[PDB]
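As a starting point, one isolated chain is supplied in structure tokens, in the form deposited in one PDB entry.
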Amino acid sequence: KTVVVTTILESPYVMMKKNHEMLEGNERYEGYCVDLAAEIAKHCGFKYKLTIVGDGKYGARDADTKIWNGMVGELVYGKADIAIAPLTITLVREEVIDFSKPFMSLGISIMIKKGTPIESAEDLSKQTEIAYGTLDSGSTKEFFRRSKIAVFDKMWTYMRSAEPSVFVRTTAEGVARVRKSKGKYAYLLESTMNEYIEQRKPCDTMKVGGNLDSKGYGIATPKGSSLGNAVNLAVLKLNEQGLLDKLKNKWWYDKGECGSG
């Protein structure tokens, strides 16, 4: 009766230990969600096996085939019992799996190369010298496409037509583009990743301004799962004990490479 946990290789949530081939089972992995999985299992009284999602994806429903991919797909098609990963709580996912209460907060944020004269989305929207963009697919692009807020609508009208294209295929390319564009590119991405990169060498990026929306990561279990209630309560217990803040500090700042300000 070992619980099958699906998760995803994304730093600092789940990472392969360099000597993983000499280790076995859950010991092959380390990270924020590795620690969280252990805490959840302890407070719910189950043993578990960590597995990495087969297709490396989070969870989206292909509009044509109507098939779920990623960790959500592994839940609804019965390949895993629970997903413990940086999986954003969204309406479409909530329809098909049960999300625990959030274990981490996040929102759209701005990444600049140190020295860029930008403090806010409003700053971005009122100037043209500094290009800015998003991942070419996903929720951040759609946030701007759909927004009725004047500043964000102005940003969307700019980004949708900017040339050369301000959209990037991957988060890594957005980050690289900030680092290599000599201050002439700002990247819009989730605050959690932005904060993580701010603590990575070469320590040349910064998160600026407040978050543009409010989201969270949640643990996912299939509907009717015998684990759902206990996991949900475990998340709240961990927060009230300060352990979620403790874990984020550990993996973002204690293990950071750029010191303080």
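Sequential numbering from 1, following the sequence displayed.
We do not show the form deposited with a small molecule bound, though everything after this point is about it.
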Inset, instruction - Tell me, out of 227, 208, 41, 193, which residue has a non-hydrogen atom within 4.5 angstroms of the small molecule in the entry with it bound. - result: 193
Legend entry - Touches the small molecule in the entry with it bound: residue 83 (any heavy atom, 4.5 Å): no
Inset, instruction - Classify residue 88 as contacting or not contacting the small molecule in the entry with it bound by the rule of any non-hydrogen atom within 4.5 angstroms, answering yes or no. - result: yes
Inset, instruction - Indicate whether the small molecule has at least one heavy atom within 4.5 Å of a heavy atom of residue 139 in the entry with it bound. - result: yes
Legend entry - Contact of residue 151 with the small molecule in the entry with it bound (heavy atom, 4.5 Å): no
